[PDB]
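In structure tokens, one chain follows: the form described as "closed form" in its entry title.
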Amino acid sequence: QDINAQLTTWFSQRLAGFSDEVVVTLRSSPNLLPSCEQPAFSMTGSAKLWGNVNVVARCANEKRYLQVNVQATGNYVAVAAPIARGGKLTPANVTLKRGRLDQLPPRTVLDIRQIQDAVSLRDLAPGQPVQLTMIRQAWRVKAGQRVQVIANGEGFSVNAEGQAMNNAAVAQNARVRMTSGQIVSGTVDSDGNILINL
């Protein structure tokens, strides 16, 4: 049962800020588990946060692939009052509701800061989870603008300047041409700054 406890803790920590209740269950055979007592878990795979995922369990040069099931409960953005097509999304129209993140439809908005100055693409009814496929977010960053790039690491932080190379909404990927001429890539935050996680 200790392996589930490790995964539950590893995922709870990874899902900090998103979920307040995480439960993880191993699907692959425990015989295929690596020799170490505490394997190092790495998500060197696609960007899927929860559900049924593949976790790399490293055991000092010994590599293993574990199939796991991640259940997550937290906040997401839901429609609170009917929104007309072309209608703006506001705090009076949408609200945060608590539910199972793993059960939500794809590309569901979790943070209210994402839908600043956003318009509906279709008719929306109360209770419906806000999906990115059903809205048009305003650009937080515009191509050609100078932006601040903030890179954080373990005991290591970098602040630098560049020019945005593409239009991007809050929480979307932004490519930035640094003064040195180099291209970097990060996530647009609410403040319009570019965050790079190293």
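Only residues modelled in both forms are compared. Start at 1 with the first residue shown and count on from there. The term rigid core refers to the most C-alpha atoms you can superpose between the two forms while keeping them within 1.5 Å.
Asks: Which is higher on mean Cα B factor in this entry, 40 to 48 or 144 to 152?
Replies: Result of the comparison: 40 to 48.
Asks: Mean Cα B factor from the PDB record: higher for 105 to 113, or higher for 81 to 89?
Replies: Higher mean C-alpha B-factor: 81 to 89.
Asks: Maximum C-alpha temperature factor per the entry, among 1, 6, 197, 193, belongs to which one?
Replies: Among 1, 6, 197, 193, the PDB entry lists the largest C-alpha B-factor for 1.
Asks: Of the choices 169, 132, 56, 165, which one's C-alpha carries the largest B-factor in the record?
Replies: That would be 56, according to the entry.
Asks: Report the third (lowest, middle or highest) to which the CA temperature factor of residue 189 belongs, ranking only the modelled residues of the same chain.
Replies: Within its chain, residue 189 is a lowest-third residue by C-alpha B-factor, going by the deposited values.
Asks: Would you please rank residue 69 by its C-alpha temperature factor against the other modelled residues of its chain and give the third it falls in: lowest, middle or highest?
Replies: It falls in the middle third of the chain.
Asks: Grab the CA temperature factor for residue 19 from the record and place it in the lowest, middle or highest third of its chain.
Replies: For residue 19, whose C-alpha B-factor we compare with every modelled residue in the chain, the answer is the middle third.
Asks: If you rank the chain by CA B-factor, which third does residue 25 end up in: lowest, middle or highest?
Replies: Top third by C-alpha B-factor.
Unshown form described as "open form" in its entry title; subsequent notes refer to it.
Asks: When the rigid core is used for the superposition, does residue 69 move between this form and the one not shown (threshold: C-alpha shift of 2 Å or more)?
Replies: For residue 69, whose C-alpha is compared between this form and the one not shown after core superposition, the shift is less than 2 Å.
Asks: For residue 16, is the C-alpha shift between this form and the one not shown 2 Å or more after core superposition?
Replies: After core superposition, the displacement of the residue 16 C-alpha between this form and the one not shown stays below 2 Å, so no.
Asks: Have a look at residue 175 and residue 121: in the other form, are their Cα atoms closer together or farther apart than in this form, given the change is 3 Å or more?
Replies: Compared with the form shown here, the C-alpha atoms of residue 175 and residue 121 sit closer together in the other form, by 3 Å or more.
Asks: Out of closer and farther, which fits the Cα atoms of residue 143 and residue 121 in the other form compared with this form, where the change is 3 Å or more?
Replies: Residues converge in the other form, at least 3 Å closer.
Asks: With the core superposed, could you pull out the runs of three or more residues whose CA atoms all shift by at least 2 Å between this form and the one not shown?
Replies: Listed in sequence order, the moving runs between this form and the one not shown are 60 to 62, 137 to 198.
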